[PDB]
Amino acid sequence: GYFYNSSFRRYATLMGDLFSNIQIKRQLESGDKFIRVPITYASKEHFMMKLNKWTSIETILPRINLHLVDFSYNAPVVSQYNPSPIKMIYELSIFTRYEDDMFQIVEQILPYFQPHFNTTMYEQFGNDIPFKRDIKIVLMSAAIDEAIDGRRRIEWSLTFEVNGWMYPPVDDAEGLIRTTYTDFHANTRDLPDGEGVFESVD
Amino acid sequence: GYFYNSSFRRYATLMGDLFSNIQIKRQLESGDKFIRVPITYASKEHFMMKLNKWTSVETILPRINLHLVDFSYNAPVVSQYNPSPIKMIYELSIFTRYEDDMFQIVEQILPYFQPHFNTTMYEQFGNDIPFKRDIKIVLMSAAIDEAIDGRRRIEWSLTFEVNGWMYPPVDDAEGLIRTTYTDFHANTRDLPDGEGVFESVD
Amino acid sequence: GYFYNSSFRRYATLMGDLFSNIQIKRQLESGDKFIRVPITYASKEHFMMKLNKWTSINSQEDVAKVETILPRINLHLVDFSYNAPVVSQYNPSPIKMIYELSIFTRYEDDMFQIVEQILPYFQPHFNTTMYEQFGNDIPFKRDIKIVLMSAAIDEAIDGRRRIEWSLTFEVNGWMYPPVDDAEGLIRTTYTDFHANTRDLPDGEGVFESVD
Amino acid sequence: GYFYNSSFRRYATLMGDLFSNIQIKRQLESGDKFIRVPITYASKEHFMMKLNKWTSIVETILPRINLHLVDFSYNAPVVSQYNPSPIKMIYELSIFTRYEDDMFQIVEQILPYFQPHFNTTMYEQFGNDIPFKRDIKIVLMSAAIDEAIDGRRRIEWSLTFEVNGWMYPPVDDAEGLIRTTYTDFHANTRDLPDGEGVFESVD
Amino acid sequence: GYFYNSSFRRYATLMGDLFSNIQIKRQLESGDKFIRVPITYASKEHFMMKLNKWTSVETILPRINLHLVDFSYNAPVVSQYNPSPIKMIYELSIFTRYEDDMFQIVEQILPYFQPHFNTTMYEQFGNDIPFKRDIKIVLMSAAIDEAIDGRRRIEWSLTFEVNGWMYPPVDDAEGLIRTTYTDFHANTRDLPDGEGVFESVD
Amino acid sequence: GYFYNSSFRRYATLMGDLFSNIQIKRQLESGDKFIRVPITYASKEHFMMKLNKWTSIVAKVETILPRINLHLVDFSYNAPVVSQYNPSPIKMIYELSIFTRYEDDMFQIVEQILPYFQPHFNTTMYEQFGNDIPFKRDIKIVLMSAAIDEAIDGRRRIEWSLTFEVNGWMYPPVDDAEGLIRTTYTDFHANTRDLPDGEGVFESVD
């Protein structure tokens, strides 16, 4: 029930999945439980709305919300592999009850972007030789903010530039596109379906 | 009931028609239904007004609204073919219920502008040898925004610079102007009447 | 009842008159109706005030009498300065005046026609040679560059309602201290958009009274 | 009851007096009427306040000019006074008018003399010593055009001028009053009047 | 009950502790008493909130509030010692009843930053040879403001750039990290626990 | 009951004292009365608050003005083994703010300030600790900008603000107990005056 081979979708998923498996420690009398930070893809406004809904009277925070915010042509015979160098901007937004949690989270993200982070993405159509796509992801800025009622809620937003590739729709009917990529430790993971990565904000 | 030979009109139609035939897939139980995105030419404010009227109905979105937003002299014996190098700015505005639809639409637009897209337009007066006009259309910027009540509505706006040609009114009575152009796949289509391309916002 | 020999006035009139004779076609059952776009000289705010007054429907007598108001053009001076390239007046002082030409229209079509009659002559400038003669002396030759600086596009709504485009022009002209009307009226000619030597009319000839 | 020898005051008066004697023609049945535009020195806000006071129900009030100092600074090109300090003062000359016509007349009398500057040689003499010669460049910096409405109503143009002048510490009135002359717009040596001579009282 | 080995935490504590031991003289009939200015780590807004709560007495001011406000990659095989050059921004905010107190406080801070101040930080993991980390702290700006009801309250804020090092979380369980550093007089003090430095704003 | 040897304080006093002795003439029937313009050190907002308090009427509204209010508004390191004489080149910003009932008064006041700053004004400050050889400190004070504004109810009140950059020296607190610091400086006519206590220069805004 969606354009599976969407280039855009593939990038939202790739970025979501790099940040899909981040945990935070939380010492317990019985022992150290680690919780995975759930990640959503939604406009930030929408997310904050729903977050204030969910918030009205600690299992909800911490959480990450990713979203595309801008794109453009990437100024360095026909069009698609050879494809078009595009540049997408993402806003990764971390929400947290405690400064501690925030520190853990970012300390897991930040050190890999110097200021960039490379990943090699292999995307294969049906059964042809896969295409090799070189993806530079650059950490552009950080933005720090609070929100109060009484503790209440800490928000940090990282802005990332993904330097990727775009090309006209290749129908799902004409075969689904298999995708792999190198994670933060250069480990070739395979890009999961969208439903695998993002929690439903709905 | 309008200046048919209007230069401006010819450009609004040219741009409208490049984006006139865009569809989105929509998986059914019975099977994949494809729908053509209808396109209008109207001031953005006017269009949003009428859209909120119509909205008060998933047959309405997705839709595209095109409109001229600026122009100027294009700084690289009389005046008209040899004509005057003019530069027109258009705001192409896509409105959508689902992120998916949006992704499909843009993925059909974006990859052809690197950052420009050339088209050769042939305009012929009555029966003389047609004039050859070289038209550079440049994708300048993108702008992303939402709107909510409850889902509700996604808006992306591309801004395009059309580098075209202007010249004083050549009366309809003195013969109508036949127009052709190369589409996104360098296919010589012939520019339809205005009524053919744009749905009436009225 | 006004300083006829006003340099400023001469420029307002020159600009008014370049844009004085613009028409739009208007297809009928009977046949094509051509209408001249009336032009006024007034501050833009004042003009819009009066336009909202005129456009308002107070009697049925109005209703009909209202698409007779648009289209129309409103010209006005908005800025000036010294034009950085023994006494003072012919030889005169190089001045630079800025004018805002403002087109108001019910239909996009009308607008397209109007501008397509203005725009193509400014690349980005348009030259005119103005001859101004005092009494009966040999006339002065004044070289006038008019440059189209910018365009600005905007709408206004109630229900259709009203389209506004504003061109901004730089007139590169000449200034000099008041030469009294009593000392002889100044005859003025100029080359129009097709290099045709028309003679600059009185002010009352060019602009409709906004009053 | 004021520091007569004030340098500042001397400049406010010089500028006021350059624009002190401007008239406008006004055609009548009987015949042409000339009227001198009255000029005041006051903060613009104050002047507009008092102007709306005077305006409340009016044609003997406009046209009029209001001059005022708006800024100054050191003028980057053994002790301190003649030889004095090169200062730069900014003045806002503000013309208010009922009719566009009046405005046109007024400015057409001001504007053509500033290309973009206008020089004046000011002679200031202390008691009876040899007078000091001071070279004064006045530059027309900008113009600003605006309206105001109720019904016609009122047109406002403001010229901004840079006066390049000279400053030095207070020379007491008691130690002798300072005689001042200057070249007007036609290089005519007029003598700078008292302040009360130039400006109409806004009070 | 917190990530002890947090890099971020280590820097908040280092900065807190440089400014932890500032006093002001206050001449008495019985003789000069010196009071240590208490220091907190909290968002400035939060701190001002709580400060107005506490204020509604002269035992509360003077006080300093420190907080992180921004960070970024510091543009001069894996990642962590060798670590990533990061740059953190801190807002040190002094609140005072009397101009005098303020003068004393800043005169103790300001002269050491010309415009920078170096410190050598030794961080040792368990028992390995310690790591040597060179830390440049730069005084970026100062900001002066008042607040009134009647005297009432003086606020000055110094903005500091800490040029430090970042690396992915090293678990507390894998051994706590011993930290020392050179203070303002090049004296090797050892970085205390967080609870030692900052007064609880809670 | 303060840090007497405060570097900051020393500069606030130096600046206050350069502008401490400014008068205006005021012609009378008997004869010309001169009045010294009182000077305060306080945040501008605070000063205007208190000034509106004092100004709330009848006929003790003219003994209040004219007056000057000085205040520090910014500082920074002055980019041209330990730290203190040799000290650290600092740069302080001061806002000198003149309030006046009559344009005349204002003219007199500024005409006494303005001509000495071209655009700077140098002063040599000698600061001596106890009885050692005094330190020589070269102080450039630069007039940065002027700002002109009014305020009305009916006349009412004229405000001009000069912004000055003092290029001075900073160093860590030298305790009052370890000996008070004697300070002299060259005034506007290069006359070596000695910097008074703070209480001598500024009227209490309190």
# chains A, B, ... in the order shown; residues from 1 in each chain; ligands from 1
>>> closest_atom_pairs(of="chain D", to="chain C", cutoff="6 Å", atoms="only C-alpha atoms", output="JSON lines")
{"residue": "D:27", "atom": "CA", "partner": "C:1", "partner_atom": "CA", "distance": 5.4}
{"residue": "D:108", "atom": "CA", "partner": "C:177", "partner_atom": "CA", "distance": 5.6}
{"residue": "D:109", "atom": "CA", "partner": "C:177", "partner_atom": "CA", "distance": 5.5}
{"residue": "D:112", "atom": "CA", "partner": "C:176", "partner_atom": "CA", "distance": 5.4}
{"residue": "D:116", "atom": "CA", "partner": "C:82", "partner_atom": "CA", "distance": 5.7}
>>> interface_residues(of="chain A", to="chain B", cutoff="12 Å", atoms="only C-alpha atoms", output="NGL selection string")
:A and (1-12 or 41-47 or 49-50 or 53 or 67-90 or 165-173 or 194 or 201-202)
>>> residues_around(residues="region 183-188 of chain F", least_positions_apart="4", cutoff="12 Å", atoms="only C-alpha atoms", output="ChimeraX atom specification")
/D:79-80,169 /F:4-5,7,9-11,13-22,112-117,120-130,134-141,192-198
>>> select_by_dssp(residues="region 26-185 of chain C", states="helix (DSSP H, G or I)", output="PDB file with N, CA, C and O atoms, in the first residue's frame")
ATOM      1  N   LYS C  44       0.298  55.664  -3.582  1.00  0.00           N
ATOM      2  CA  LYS C  44      -0.339  54.365  -3.763  1.00  0.00           C
ATOM      3  C   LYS C  44      -1.423  54.108  -2.718  1.00  0.00           C
ATOM      4  O   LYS C  44      -2.496  53.584  -3.030  1.00  0.00           O
ATOM      5  N   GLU C  45      -1.146  54.501  -1.483  1.00  0.00           N
ATOM      6  CA  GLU C  45      -2.101  54.298  -0.409  1.00  0.00           C
ATOM      7  C   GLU C  45      -3.395  55.043  -0.681  1.00  0.00           C
ATOM      8  O   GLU C  45      -4.484  54.480  -0.567  1.00  0.00           O
ATOM      9  N   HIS C  46      -3.257  56.309  -1.058  1.00  0.00           N
ATOM     10  CA  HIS C  46      -4.392  57.156  -1.389  1.00  0.00           C
ATOM     11  C   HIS C  46      -5.222  56.514  -2.489  1.00  0.00           C
ATOM     12  O   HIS C  46      -6.458  56.421  -2.399  1.00  0.00           O
ATOM     13  N   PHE C  47      -4.525  56.053  -3.523  1.00  0.00           N
ATOM     14  CA  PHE C  47      -5.175  55.435  -4.664  1.00  0.00           C
ATOM     15  C   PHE C  47      -5.956  54.192  -4.270  1.00  0.00           C
ATOM     16  O   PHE C  47      -7.072  53.999  -4.731  1.00  0.00           O
ATOM     17  N   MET C  48      -5.368  53.348  -3.426  1.00  0.00           N
ATOM     18  CA  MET C  48      -6.052  52.142  -2.978  1.00  0.00           C
ATOM     19  C   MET C  48      -7.258  52.458  -2.092  1.00  0.00           C
ATOM     20  O   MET C  48      -8.302  51.818  -2.200  1.00  0.00           O
ATOM     21  N   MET C  49      -7.115  53.446  -1.222  1.00  0.00           N
ATOM     22  CA  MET C  49      -8.248  53.955  -0.465  1.00  0.00           C
ATOM     23  C   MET C  49      -9.403  54.287  -1.385  1.00  0.00           C
ATOM     24  O   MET C  49     -10.487  53.695  -1.282  1.00  0.00           O
ATOM     25  N   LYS C  50      -9.164  55.240  -2.285  1.00  0.00           N
ATOM     26  CA  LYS C  50     -10.199  55.700  -3.215  1.00  0.00           C
ATOM     27  C   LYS C  50     -10.732  54.547  -4.077  1.00  0.00           C
ATOM     28  O   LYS C  50     -11.904  54.511  -4.413  1.00  0.00           O
ATOM     29  N   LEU C  51      -9.876  53.586  -4.397  1.00  0.00           N
ATOM     30  CA  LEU C  51     -10.271  52.457  -5.215  1.00  0.00           C
ATOM     31  C   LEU C  51     -11.219  51.548  -4.460  1.00  0.00           C
ATOM     32  O   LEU C  51     -12.134  51.009  -5.038  1.00  0.00           O
ATOM     33  N   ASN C  52     -10.993  51.363  -3.168  1.00  0.00           N
ATOM     34  CA  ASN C  52     -11.906  50.572  -2.355  1.00  0.00           C
ATOM     35  C   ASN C  52     -13.217  51.314  -2.149  1.00  0.00           C
ATOM     36  O   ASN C  52     -14.278  50.691  -2.035  1.00  0.00           O
ATOM     37  N   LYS C  53     -13.145  52.644  -2.123  1.00  0.00           N
ATOM     38  CA  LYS C  53     -14.360  53.452  -2.096  1.00  0.00           C
ATOM     39  C   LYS C  53     -15.185  53.199  -3.361  1.00  0.00           C
ATOM     40  O   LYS C  53     -16.345  52.811  -3.278  1.00  0.00           O
ATOM     41  N   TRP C  54     -14.563  53.400  -4.523  1.00  0.00           N
ATOM     42  CA  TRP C  54     -15.202  53.243  -5.830  1.00  0.00           C
ATOM     43  C   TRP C  54     -15.724  51.836  -6.068  1.00  0.00           C
ATOM     44  O   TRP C  54     -16.772  51.625  -6.661  1.00  0.00           O
ATOM     45  N   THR C  55     -14.955  50.860  -5.644  1.00  0.00           N
ATOM     46  CA  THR C  55     -15.275  49.480  -5.935  1.00  0.00           C
ATOM     47  C   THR C  55     -16.464  48.998  -5.090  1.00  0.00           C
ATOM     48  O   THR C  55     -17.091  47.991  -5.415  1.00  0.00           O
ATOM     49  N   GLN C  60     -27.675  49.769  -6.530  1.00  0.00           N
ATOM     50  CA  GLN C  60     -27.699  48.917  -7.725  1.00  0.00           C
ATOM     51  C   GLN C  60     -27.078  49.637  -8.917  1.00  0.00           C
ATOM     52  O   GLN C  60     -26.383  49.031  -9.732  1.00  0.00           O
ATOM     53  N   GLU C  61     -27.366  50.935  -9.012  1.00  0.00           N
ATOM     54  CA  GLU C  61     -26.633  51.859  -9.872  1.00  0.00           C
ATOM     55  C   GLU C  61     -25.128  51.526  -9.861  1.00  0.00           C
ATOM     56  O   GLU C  61     -24.461  51.588 -10.892  1.00  0.00           O
ATOM     57  N   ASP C  62     -24.597  51.152  -8.697  1.00  0.00           N
ATOM     58  CA  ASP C  62     -23.201  50.750  -8.622  1.00  0.00           C
ATOM     59  C   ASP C  62     -22.990  49.436  -9.359  1.00  0.00           C
ATOM     60  O   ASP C  62     -22.457  49.453 -10.455  1.00  0.00           O
ATOM     61  N   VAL C  63     -23.440  48.326  -8.768  1.00  0.00           N
ATOM     62  CA  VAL C  63     -23.203  46.956  -9.271  1.00  0.00           C
ATOM     63  C   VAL C  63     -22.668  46.853 -10.697  1.00  0.00           C
ATOM     64  O   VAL C  63     -21.550  46.398 -10.923  1.00  0.00           O
ATOM     65  N   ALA C  64     -23.471  47.306 -11.650  1.00  0.00           N
ATOM     66  CA  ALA C  64     -23.052  47.399 -13.040  1.00  0.00           C
ATOM     67  C   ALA C  64     -21.829  48.297 -13.189  1.00  0.00           C
ATOM     68  O   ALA C  64     -20.773  47.842 -13.606  1.00  0.00           O
ATOM     69  N   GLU C 108      -6.453  38.067 -14.884  1.00  0.00           N
ATOM     70  CA  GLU C 108      -5.093  37.760 -15.319  1.00  0.00           C
ATOM     71  C   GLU C 108      -4.837  38.136 -16.787  1.00  0.00           C
ATOM     72  O   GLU C 108      -3.740  38.603 -17.133  1.00  0.00           O
ATOM     73  N   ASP C 109      -5.857  37.930 -17.632  1.00  0.00           N
ATOM     74  CA  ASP C 109      -5.765  38.182 -19.071  1.00  0.00           C
ATOM     75  C   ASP C 109      -5.415  39.636 -19.323  1.00  0.00           C
ATOM     76  O   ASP C 109      -4.395  39.942 -19.953  1.00  0.00           O
ATOM     77  N   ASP C 110      -6.269  40.523 -18.821  1.00  0.00           N
ATOM     78  CA  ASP C 110      -6.035  41.962 -18.887  1.00  0.00           C
ATOM     79  C   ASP C 110      -4.591  42.311 -18.476  1.00  0.00           C
ATOM     80  O   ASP C 110      -3.884  43.018 -19.212  1.00  0.00           O
ATOM     81  N   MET C 111      -4.157  41.809 -17.312  1.00  0.00           N
ATOM     82  CA  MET C 111      -2.809  42.057 -16.844  1.00  0.00           C
ATOM     83  C   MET C 111      -1.773  41.666 -17.889  1.00  0.00           C
ATOM     84  O   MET C 111      -0.857  42.446 -18.174  1.00  0.00           O
ATOM     85  N   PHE C 112      -1.916  40.454 -18.442  1.00  0.00           N
ATOM     86  CA  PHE C 112      -0.978  39.929 -19.433  1.00  0.00           C
ATOM     87  C   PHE C 112      -0.864  40.848 -20.622  1.00  0.00           C
ATOM     88  O   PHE C 112       0.245  41.163 -21.065  1.00  0.00           O
ATOM     89  N   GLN C 113      -2.017  41.288 -21.124  1.00  0.00           N
ATOM     90  CA  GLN C 113      -2.046  42.228 -22.255  1.00  0.00           C
ATOM     91  C   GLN C 113      -1.289  43.524 -21.928  1.00  0.00           C
ATOM     92  O   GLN C 113      -0.362  43.939 -22.660  1.00  0.00           O
ATOM     93  N   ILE C 114      -1.671  44.138 -20.810  1.00  0.00           N
ATOM     94  CA  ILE C 114      -1.059  45.380 -20.381  1.00  0.00           C
ATOM     95  C   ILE C 114       0.463  45.277 -20.323  1.00  0.00           C
ATOM     96  O   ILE C 114       1.181  45.977 -21.057  1.00  0.00           O
ATOM     97  N   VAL C 115       0.961  44.380 -19.483  1.00  0.00           N
ATOM     98  CA  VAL C 115       2.407  44.259 -19.316  1.00  0.00           C
ATOM     99  C   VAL C 115       3.091  43.899 -20.622  1.00  0.00           C
ATOM    100  O   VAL C 115       4.136  44.453 -20.934  1.00  0.00           O
ATOM    101  N   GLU C 116       2.499  43.000 -21.402  1.00  0.00           N
ATOM    102  CA  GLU C 116       3.135  42.631 -22.651  1.00  0.00           C
ATOM    103  C   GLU C 116       3.280  43.846 -23.557  1.00  0.00           C
ATOM    104  O   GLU C 116       4.130  43.871 -24.447  1.00  0.00           O
ATOM    105  N   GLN C 117       2.458  44.865 -23.322  1.00  0.00           N
ATOM    106  CA  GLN C 117       2.679  46.137 -24.001  1.00  0.00           C
ATOM    107  C   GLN C 117       3.759  47.004 -23.326  1.00  0.00           C
ATOM    108  O   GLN C 117       4.390  47.845 -23.964  1.00  0.00           O
ATOM    109  N   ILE C 118       3.984  46.822 -22.035  1.00  0.00           N
ATOM    110  CA  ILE C 118       5.062  47.603 -21.403  1.00  0.00           C
ATOM    111  C   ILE C 118       6.473  46.986 -21.468  1.00  0.00           C
ATOM    112  O   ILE C 118       7.406  47.544 -22.053  1.00  0.00           O
ATOM    113  N   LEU C 119       6.594  45.828 -20.838  1.00  0.00           N
ATOM    114  CA  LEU C 119       7.838  45.088 -20.635  1.00  0.00           C
ATOM    115  C   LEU C 119       8.855  44.981 -21.779  1.00  0.00           C
ATOM    116  O   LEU C 119      10.057  45.140 -21.548  1.00  0.00           O
ATOM    117  N   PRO C 120       8.399  44.673 -23.006  1.00  0.00           N
ATOM    118  CA  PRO C 120       9.429  44.344 -23.999  1.00  0.00           C
ATOM    119  C   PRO C 120      10.316  45.525 -24.414  1.00  0.00           C
ATOM    120  O   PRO C 120      11.367  45.295 -25.020  1.00  0.00           O
ATOM    121  N   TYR C 121       9.924  46.751 -24.073  1.00  0.00           N
ATOM    122  CA  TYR C 121      10.708  47.934 -24.459  1.00  0.00           C
ATOM    123  C   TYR C 121      11.869  48.282 -23.502  1.00  0.00           C
ATOM    124  O   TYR C 121      12.694  49.144 -23.807  1.00  0.00           O
ATOM    125  N   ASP C 181       6.810  80.528 -14.493  1.00  0.00           N
ATOM    126  CA  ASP C 181       5.816  80.402 -15.558  1.00  0.00           C
ATOM    127  C   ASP C 181       5.703  81.726 -16.280  1.00  0.00           C
ATOM    128  O   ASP C 181       5.596  81.761 -17.500  1.00  0.00           O
ATOM    129  N   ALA C 182       5.744  82.812 -15.509  1.00  0.00           N
ATOM    130  CA  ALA C 182       5.640  84.166 -16.051  1.00  0.00           C
ATOM    131  C   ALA C 182       6.725  84.471 -17.087  1.00  0.00           C
ATOM    132  O   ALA C 182       6.507  85.233 -18.025  1.00  0.00           O
ATOM    133  N   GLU C 183       7.884  83.844 -16.930  1.00  0.00           N
ATOM    134  CA  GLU C 183       9.015  84.066 -17.823  1.00  0.00           C
ATOM    135  C   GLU C 183       8.932  83.193 -19.082  1.00  0.00           C
ATOM    136  O   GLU C 183       9.912  83.046 -19.813  1.00  0.00           O
TER     137      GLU C 183
END
>>> residues_around(residues="residue 105 (chain C)", least_positions_apart="3", cutoff="6 Å", atoms="only C-alpha atoms", output="mmCIF file with N, CA, C and O atoms, in the first residue's frame")
data_model
loop_
_atom_site.group_PDB
_atom_site.id
_atom_site.type_symbol
_atom_site.label_atom_id
_atom_site.label_comp_id
_atom_site.auth_asym_id
_atom_site.auth_seq_id
_atom_site.Cartn_x
_atom_site.Cartn_y
_atom_site.Cartn_z
ATOM 1 N N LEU C 70 -11.841 48.954 -13.123
ATOM 2 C CA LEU C 70 -10.634 48.259 -13.517
ATOM 3 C C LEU C 70 -10.752 47.853 -14.999
ATOM 4 O O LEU C 70 -11.845 47.547 -15.482
ATOM 5 N N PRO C 71 -9.623 47.794 -15.720
ATOM 6 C CA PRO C 71 -8.251 47.887 -15.227
ATOM 7 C C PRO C 71 -7.852 49.321 -15.130
ATOM 8 O O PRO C 71 -8.445 50.165 -15.772
ATOM 9 N N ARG C 162 -9.156 41.095 -7.050
ATOM 10 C CA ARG C 162 -8.319 42.133 -7.667
ATOM 11 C C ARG C 162 -6.805 41.841 -7.720
ATOM 12 O O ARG C 162 -6.181 41.551 -6.704
ATOM 13 N N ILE C 163 -6.229 41.945 -8.916
ATOM 14 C CA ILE C 163 -4.828 41.613 -9.168
ATOM 15 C C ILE C 163 -3.983 42.866 -9.283
ATOM 16 O O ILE C 163 -4.339 43.779 -10.024
#
>>> atom_distance(atom1="CA of residue 83 (chain E)", atom2="CA of residue 97 (chain A)")
28.1 Å
>>> closest_residue(among="E:60, E:162, E:75, E:191", to="residue 87 (chain E)", atoms="only C-alpha atoms")
E:162
>>> atom_distance(atom1="CA of residue 7 (chain D)", atom2="CA of residue 198 (chain D)")
16.3 Å
>>> interface_residues(of="chain B", to="chain C", cutoff="9 Å", atoms="only C-alpha atoms", output="count of residues only")
29
>>> residues_around(residues="residue 196 (chain E)", least_positions_apart="6", cutoff="10 Å", atoms="only C-alpha atoms", output="count of residues only")
3
>>> interface_residues(of="chain F", to="chain D", cutoff="10 Å", atoms="only C-alpha atoms", output="PyMOL selection string")
chain F and resi 24-28+32+102-120+143-152+154-156+158+160+162+188-190
>>> residues_around(residues="residue 58 (chain D)", least_positions_apart="5", cutoff="12 Å", atoms="only C-alpha atoms", output="JSON, numbers by chain")
{"D": [51, 52, 53, 63, 97, 98, 152, 153, 154]}
>>> write_last_selection(atoms="N, CA, C and O atoms", output="CSV table (one decimal), in the first residue's frame")
chain,number,residue,atom,x,y,z
D,51,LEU,N,1.7,69.6,15.4
D,51,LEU,CA,1.1,69.8,14.1
D,51,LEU,C,-0.3,69.3,14.0
D,51,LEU,O,-1.2,69.9,13.4
D,52,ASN,N,-0.5,68.1,14.6
D,52,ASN,CA,-1.9,67.5,14.7
D,52,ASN,C,-2.8,68.3,15.6
D,52,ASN,O,-4.0,68.4,15.5
D,53,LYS,N,-2.2,68.9,16.7
D,53,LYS,CA,-2.9,69.8,17.5
D,53,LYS,C,-3.4,71.0,16.7
D,53,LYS,O,-4.6,71.2,16.7
D,63,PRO,N,2.2,75.2,3.9
D,63,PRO,CA,3.3,74.3,4.0
D,63,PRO,C,4.2,74.8,5.1
D,63,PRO,O,4.3,76.0,5.4
D,97,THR,N,3.2,69.5,3.6
D,97,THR,CA,2.6,70.2,2.5
D,97,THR,C,1.1,69.7,2.3
D,97,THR,O,0.9,68.5,2.4
D,98,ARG,N,0.2,70.6,1.9
D,98,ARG,CA,-1.1,70.1,1.5
D,98,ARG,C,-1.2,69.5,0.1
D,98,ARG,O,-1.8,68.5,-0.2
D,152,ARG,N,-7.6,65.1,3.0
D,152,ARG,CA,-6.8,64.8,1.8
D,152,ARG,C,-5.6,63.9,1.9
D,152,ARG,O,-5.6,63.0,1.1
D,153,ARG,N,-4.7,64.1,2.8
D,153,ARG,CA,-4.6,65.2,3.8
D,153,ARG,C,-3.3,65.9,3.8
D,153,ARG,O,-3.2,67.1,3.7
D,154,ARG,N,-2.2,65.2,4.0
D,154,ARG,CA,-0.9,65.8,4.3
D,154,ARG,C,0.3,65.0,3.7
D,154,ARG,O,0.5,63.8,3.9
>>> residues_around(residues="region 125-137 of chain E", least_positions_apart="6", cutoff="9 Å", atoms="only C-alpha atoms", output="short mmCIF file (atom, residue, chain, number, x, y, z; two decimals) with N, CA and C atoms, in the first residue's frame")
data_model
loop_
_atom_site.label_atom_id
_atom_site.label_comp_id
_atom_site.auth_asym_id
_atom_site.auth_seq_id
_atom_site.Cartn_x
_atom_site.Cartn_y
_atom_site.Cartn_z
N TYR E 81 39.49 7.26 21.25
CA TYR E 81 40.91 7.32 21.64
C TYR E 81 41.85 6.43 20.81
N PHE E 113 41.66 34.27 30.84
CA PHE E 113 41.29 33.94 29.46
C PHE E 113 41.79 34.98 28.46
N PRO E 115 42.68 35.12 24.72
CA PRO E 115 41.29 35.07 25.16
C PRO E 115 41.01 33.65 25.65
N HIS E 116 42.01 32.79 25.50
CA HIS E 116 41.87 31.38 25.84
C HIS E 116 42.53 31.07 27.17
N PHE E 117 42.39 29.81 27.58
CA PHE E 117 42.97 29.28 28.79
C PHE E 117 43.15 27.81 28.52
N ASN E 118 44.37 27.31 28.63
CA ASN E 118 44.62 25.89 28.39
C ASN E 118 44.55 25.06 29.66
N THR E 119 44.08 23.84 29.54
CA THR E 119 44.18 22.88 30.63
C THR E 119 44.52 21.50 30.08
N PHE E 160 31.57 30.61 26.85
CA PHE E 160 32.85 29.93 26.66
C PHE E 160 32.79 28.83 25.61
N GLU E 161 33.84 28.76 24.80
CA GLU E 161 34.01 27.64 23.89
C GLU E 161 35.04 26.68 24.44
N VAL E 162 34.59 25.48 24.79
CA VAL E 162 35.48 24.39 25.18
C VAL E 162 35.83 23.53 23.96
N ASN E 163 37.11 23.44 23.66
CA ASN E 163 37.58 22.61 22.56
C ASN E 163 38.03 21.26 23.09
N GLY E 164 37.15 20.27 23.02
CA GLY E 164 37.41 19.02 23.71
C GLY E 164 37.38 17.78 22.84
N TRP E 165 37.19 16.63 23.48
CA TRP E 165 37.19 15.36 22.76
C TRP E 165 35.99 14.49 23.10
N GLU E 174 32.42 -1.41 32.77
CA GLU E 174 33.76 -1.72 32.28
C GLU E 174 34.87 -0.90 32.98
N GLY E 175 34.52 -0.27 34.10
CA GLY E 175 35.47 0.50 34.88
C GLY E 175 35.26 2.01 34.83
N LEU E 176 35.25 2.65 36.00
CA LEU E 176 35.05 4.10 36.08
C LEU E 176 36.30 4.87 35.67
N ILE E 177 36.09 6.06 35.12
CA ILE E 177 37.18 6.84 34.56
C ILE E 177 37.68 7.90 35.52
N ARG E 178 38.95 7.77 35.94
CA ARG E 178 39.59 8.72 36.84
C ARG E 178 40.01 9.96 36.06
N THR E 179 39.68 11.15 36.56
CA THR E 179 40.00 12.37 35.82
C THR E 179 40.74 13.41 36.67
#
